[PDB]
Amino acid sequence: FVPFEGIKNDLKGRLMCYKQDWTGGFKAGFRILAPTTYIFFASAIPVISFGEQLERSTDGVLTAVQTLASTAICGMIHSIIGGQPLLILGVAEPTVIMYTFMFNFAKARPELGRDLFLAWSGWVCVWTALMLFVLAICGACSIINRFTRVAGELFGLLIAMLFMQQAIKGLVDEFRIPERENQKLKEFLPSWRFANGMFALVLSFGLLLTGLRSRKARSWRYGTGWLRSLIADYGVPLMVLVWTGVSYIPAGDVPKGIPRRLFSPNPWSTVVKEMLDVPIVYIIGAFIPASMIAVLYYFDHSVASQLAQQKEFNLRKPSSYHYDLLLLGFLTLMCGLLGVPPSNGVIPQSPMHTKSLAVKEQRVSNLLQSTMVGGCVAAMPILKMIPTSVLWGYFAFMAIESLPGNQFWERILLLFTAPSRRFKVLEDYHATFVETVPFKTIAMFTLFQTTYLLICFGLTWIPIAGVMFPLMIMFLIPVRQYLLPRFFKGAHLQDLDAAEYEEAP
């Protein structure tokens, strides 16, 4: 834990291959475009969805433009001067939730109001940058091995529940009048509103089901190999385009806002000044949410890097955890100054990128994908054709796609499985702890984990205290270290909380 030792080691290790990182990427030629576009499509659409969420939750202060710009700039900077280019940066849901809490707090306080929300966010980002600098200097990344499976799967499931909640919220609001829209327009009559709601339901469910089916196209029997691969890789964008076109079918026989489309404005049509006007008391109070955003980033960046640098990939280059965290602090400071939400490592974008590069490790794919994500801002008129129902369907799609490889979800299903029926579980691929651990212990572990998850999810509903859930997430580390061994017996915990995904036939 010697200060500056880790950063120096990572810089030394990554400074002997920089020219190699660039040359190998240039040597790959035009063949490097396929992974680049794959990751770009995996990254942009969730960013646009988070931007629409922020727009509906921030009264239009933040939109898809800000999220796209932040993602793009942070990605280019990380690719050029970052330590681990395989890591993919972008705006994530927890950041959206934090900013929603901060906006709700600011709106209710006249001293700040909606006008100083971005300035208060910038001060929060300054504080977060300071804490990340401290954590990176003190070598707190040397203990990332304690972010065991339990916390990772609990956080993943919580994010999935938030995604589903947002999808349901959007589908419900499709039946209502927007808060900041003219109420006299024809499209907002009760009949047209009901029609828009049902059309949104149709489009969202179609998108969801078609994408889920397409995710397993390479396993299909029909079609050519290249077509099957193209589908399995780009079903989400392809289905988005298809259902947009479907939405455009009755365009001639209905009003203009039927179905509703992206509310994000077209930009074609710095806040350091206001950060000086914020009262000192609120500048100090920004310490609170900054600590929790810093905790979230310290967790997510490290976990995403660990996933992207799995030993099975046979990577021949070292890791840059500490320098990556320091650069994340710098990026957070810069984004707060610019008036955009900060970006951090995302999952499974980084492992998917590494798999697509399987390894051809270089800094060109990330740079290019961030460049096109930023250029999508210039294509805002085209993106504005996408209905919001498709975005809600995509939210539900991610919520459902967070489940497959999650052991907590499988253990919940086992808990809800009938006693006379577990042979069916044993008839297919299953985890080792099913055989090597008694069912009662698995049930107790799953019940404790589910209670913790539901407590965190309920806390998220509290107006002000709901900004504390990262603290609960981080409390799982010492709990797993100290308390669980008291109530559990060694190998049971090791199998139920193994750092490796163990499967049996």
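Residue numbers run from 1 along the displayed sequence. C-alpha atoms forming the largest set that superposes within 1.5 Å between two forms make up the rigid core.
After superposing on the rigid core, the larger RMS C-alpha deviation in 5 other deposited structures of this protein belongs to 250-258, the other candidate being whichever of 250-258 and 104-112 remains. With each structure aligned by its rigid core, the stretch whose Cα atoms sit farther from this model in 5 other deposited structures of this protein, between 219-227 and 94-102, is 219-227. Residue 263 is built in all of the other entries compared, counting only those with both neighbours built, so it is not a gap in a third. A chain break between residue 385 and residue 386 is not present, all residues of the deposited sequence in that interval being modelled. Per the record, residue 269 and residue 270 are separated by 4 to 9 deposited residues that are missing from the model.
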